[PDB]
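# Let me start by giving you these chains from the complex, positioned as in the assembled structure:
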Amino acid sequence: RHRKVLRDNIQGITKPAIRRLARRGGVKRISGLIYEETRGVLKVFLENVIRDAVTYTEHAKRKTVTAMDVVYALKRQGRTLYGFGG
């Protein structure tokens, strides 16, 4: 009972984590405003995928989001993912 309240978790995506992703992306210099911009693009990306995954979950009358729900959601958005049963 009583799961604690979730809020402001997008700030859990740290500036250091964001520089790393950018390094992997070949970026050498990063402006100070990039971090909030990235956080906003990630939220939009998660919202879109989670929305479709949850729609597949509800249609199956389940309450547990499966890896298959996420894989089908990524597939329908043209972001096919290999490695999770999909």
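Ah, there it is. Residues are numbered from 1 along each chain as shown, chains lettered A, B, ... in the order given.

# give me phi/psi at residue A:43?
phi -60, psi -50 (degrees, to the nearest 10).

# Give me the distance between it and residue A:51.
12 Å (Cβ to Cβ, to the nearest Å). C-beta: built from backbone N, CA, C; applies to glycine.

# same thing with residue A:4?
24 Å.

# Which one's more surrounded, the two?
residue A:51 (10 against 5; other Cβ atoms under 10 Å).

# sec struct for that one, please.
Under DSSP: H, G, I helix; E, B strand; the rest coil, the three-state class of residue A:51 is helix.

# What residues does the closest residue in space to residue A:67 that isn't next to it in sequence make contact with?
Using Cβ to Cβ, 6 or more residues apart in numbering and skipping residues adjacent in sequence, the residue nearest residue A:67 is residue A:84, 4.5 Å away. Contact analysis of residue A:84 by Cβ atoms under 8 Å, 6 or more residues apart in numbering lists A:67-68, A:70-71.

# Ramachandran angles for residue A:84?
phi -120, psi 20.

# what's the answer for residue A:32, then?
Residue torsions, per degrees, to the nearest 10, at residue A:32 are phi -50, psi -30.

# just checking, residue A:68 touches residue A:74?
No - Residue A:68 is not in contact with residue A:74 according to Cβ atoms under 8 Å; the separation is 10.7 Å.

# So for these two, which residues contact both of them?
Joint contacts of residue A:68 and residue A:74 (Cβ under 8 Å, 6+ apart) are residue A:86.

# and chain B, same structure:
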Amino acid sequence: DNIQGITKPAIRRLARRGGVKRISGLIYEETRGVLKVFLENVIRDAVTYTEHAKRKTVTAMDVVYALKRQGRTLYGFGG
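Time to bring in chain B:
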């Protein structure tokens, strides 16, 4: 030649419709190359649908199916 038949003025009009105001001189040949690659990709698939149905006439439907599978869906010619 044929690709060369696509003229500078025609390329300029397409660009005007695209909101372009100033065009560098190297743009015309660059465009021609892009148009040819685009046509090869679509015509290749349309012809493949033509051959499959054992025909010798490329239909609008053949082009429409080809545009669709290249993710360039087109309305107005059937299907």
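
# Quick one: residues contacting the closest residue to residue A:51 other than its chain neighbours.
Nearest-residue entry for residue A:51: residue A:73, 7.9 Å, with adjacent residues in sequence omitted and distances by Cβ to Cβ, 6 or more residues apart in numbering or on different chains. Counting by Cβ atoms under 8 Å, 6 or more residues apart in numbering or on different chains, residue A:73 touches A:49-53, A:55-56.

# Scan the residues you listed and report the most crowded one.
residue A:53 (22 neighbours; other Cβ atoms under 10 Å in any protein chain shown).

# quick one: it and residue A:40, what's the gap?
21 Å.

# and if you look at residue A:50?
Residue A:50 is 16 Å from residue A:40, where distance means Cβ to Cβ.

# With residue A:75 instead?
Counting by Cβ to Cβ - residue A:75 and residue A:40 are separated by 25 Å.

# who touches stretch A:56-71?
Counting by Cβ under 8 Å, 6+ apart, A:49-50, A:53-54, A:72-73, A:81, A:84-86 sit against stretch A:56-71.

# Check which residues of that stretch are buried.
A:56-57, A:69-71 (16 or more other Cβ atoms under 10 Å in any protein chain shown).

# Just the C-alphas of it, formatted as PDB.
Output in PDB follows, covering the C-alpha atoms of stretch A:56-71 (Å, rounded to 0.1, in the frame of the first residue of the first chain):
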ATOM      1  CA  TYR A  56      -1.000  -2.900 -26.200                       C
ATOM      2  CA  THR A  57      -1.000  -3.800 -22.400                       C
ATOM      3  CA  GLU A  58      -4.600  -2.600 -21.900                       C
ATOM      4  CA  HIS A  59      -5.900  -4.300 -25.000                       C
ATOM      5  CA  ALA A  60      -4.600  -7.600 -23.600                       C
ATOM      6  CA  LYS A  61      -6.400  -6.900 -20.400                       C
ATOM      7  CA  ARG A  62      -3.200  -7.000 -18.400                       C
ATOM      8  CA  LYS A  63      -1.700  -4.700 -15.800                       C
ATOM      9  CA  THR A  64       1.900  -5.600 -16.500                       C
ATOM     10  CA  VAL A  65       3.800  -4.000 -19.400                       C
ATOM     11  CA  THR A  66       5.800  -6.800 -21.100                       C
ATOM     12  CA  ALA A  67       9.000  -6.500 -23.100                       C
ATOM     13  CA  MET A  68       6.800  -7.500 -26.000                       C
ATOM     14  CA  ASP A  69       4.500  -4.500 -25.500                       C
ATOM     15  CA  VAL A  70       7.500  -2.200 -25.600                       C
ATOM     16  CA  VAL A  71       9.100  -4.000 -28.700                       C
END
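
# Sequence for chain C below, add it please:
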Amino acid sequence: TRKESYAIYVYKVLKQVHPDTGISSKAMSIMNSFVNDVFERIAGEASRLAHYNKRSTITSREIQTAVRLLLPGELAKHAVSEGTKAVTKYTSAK
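Chain C now in position relative to the chains above:
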């Protein structure tokens, strides 16, 4: 040589929305492509849904989840509302 199309129905709908507006033959052809395109996208998603859940039937439920996955926010909300109204209005008949 008969060739089916949604032309007469699109015309009937045009009359309910704009009684005094007509439509060109090219515009009708575009509207026919539109109906065919959405029919295929929705039926295709519905097919995948049933296959993902191991059922052999496509019901109004798969059509509904399909519309929800395919149409953008408000459009989805109204389509589901029309689809549901039509099914009710059809079960409430002799």
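
# please look at the contacts of residue A:84 again, because chain C has been put in.
Neighbours of residue A:84 in contact, by Cβ under 8 Å, 6+ apart: A:67-68, A:70-71.

# so which strand or helix has the residue in chain C that chain B sits nearest to?
Closest to chain B within chain C is residue C:33: 3.7 Å, counting by Cβ to the nearest Cβ. For residue C:33, the enclosing helix or strand under DSSP states H and E is helix C:25-52.

# Now find how far off-centre that helix is within its chain.
Helix C:25-52 sits 8 Å away from the centroid of its parent chain (Cα atoms, centre = their mean, to the nearest Å).

# how about the most centrally placed residue in chain C, what does it touch?
Nearest to the mean C-alpha position of chain C, by Cα atoms, centre = their mean, lies residue C:39 at 5.8 Å. If you count contacts by Cβ under 8 Å, 6+ apart, residue C:39 has none.

# That one and residue C:67, how far apart?
Taking Cβ to Cβ, one finds residue C:39 at 12 Å from residue C:67.

# Also residue C:45?
9 Å.

# These two: who's more crowded?
Between residue C:45 and residue C:67, counting by other Cβ under 10 Å, residue C:67 is the more crowded of the two (22 against 19).

# What is the burial count for the closest residue to the more buried one other than its chain neighbours?
Using Cβ to Cβ, 6+ apart and skipping the chain neighbours, the partner closest in space to residue C:67 is residue C:79 (5.0 Å). Residues near residue C:79, counting by other Cβ under 10 Å, number 18.

# Which helix or strand contains residue C:79?
helix C:73-91.
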